[PDB]
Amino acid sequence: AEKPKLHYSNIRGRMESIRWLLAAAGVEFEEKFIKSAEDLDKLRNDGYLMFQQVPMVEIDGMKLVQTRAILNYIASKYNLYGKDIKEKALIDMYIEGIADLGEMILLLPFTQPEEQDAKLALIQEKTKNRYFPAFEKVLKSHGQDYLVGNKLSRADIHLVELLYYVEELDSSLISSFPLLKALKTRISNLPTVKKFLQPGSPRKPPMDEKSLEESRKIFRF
């Protein structure tokens, strides 16, 4: 038909969780890579960015900005946001938990090199001492395979995405957390998620020196 169109640079950044979520719902999409500050300026000058920033997603006849606005729409549309307002409330509480950790991780590669040790240390402590216990507690409490309502929701996808990033930063962090380890395998084995994990998918690589410099120019810092 008309595929969702993703407006971002060729990095993870704030678009990566939208990619995951779209792939987990079986949704094929297109990416229009911003390659320069001039490209970003175009979308601004045209009036397509309500707050002058990307991510912007063209979907279902709307140009959506703001990551949470985009992710909420996809999750509602593709039934990954709970069956009722009470499940939705548990989903929202958990994913906001996930985003707390998610944001520290996203910001890490853009931090000054004379800060990166302490920031990762802060991710280490929060992850082991607080956030991983919270999610393990949830799974232990119901003994079910999904976070909410005994059914795949966005929270499983958001948490597993995050597990792959935690995995890369410090592989020991998940070690004392068995149900988290098992959630990760089971979700990785879902057909849609299995496909996105394959080489050549729109799953993006971690930041490196070259993209960091690309980003400096595009986003002007």
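Start at 1 and count along the sequence shown; that's the residue number.
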**Prompt:** Looking at the deposited entry, does 141 to 149 or 89 to 97 carry the larger mean Cα B-factor?
**Reply:** 141 to 149
**Request:** Take the C-alpha B-factors listed in the entry for 66 to 74 and for 28 to 36, compute each mean, and give the stretch with the larger one.
**Result:** 28 to 36
**Assigned third (lowest, middle, highest) for the C-alpha B factor of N10** = middle
**Request:** Please rank the C-alpha B-factors of the chain's modelled residues and tell me whether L180 sits in the lowest, middle or highest third.
**Result:** highest
**Message:** By the recorded C-alpha temperature factor, relative to the other modelled residues in its chain, which third is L212 in?
**Reply:** highest
**Request:** Give the position of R186 by CA B-factor within its chain, expressed as the lowest, middle or highest third.
**Result:** highest
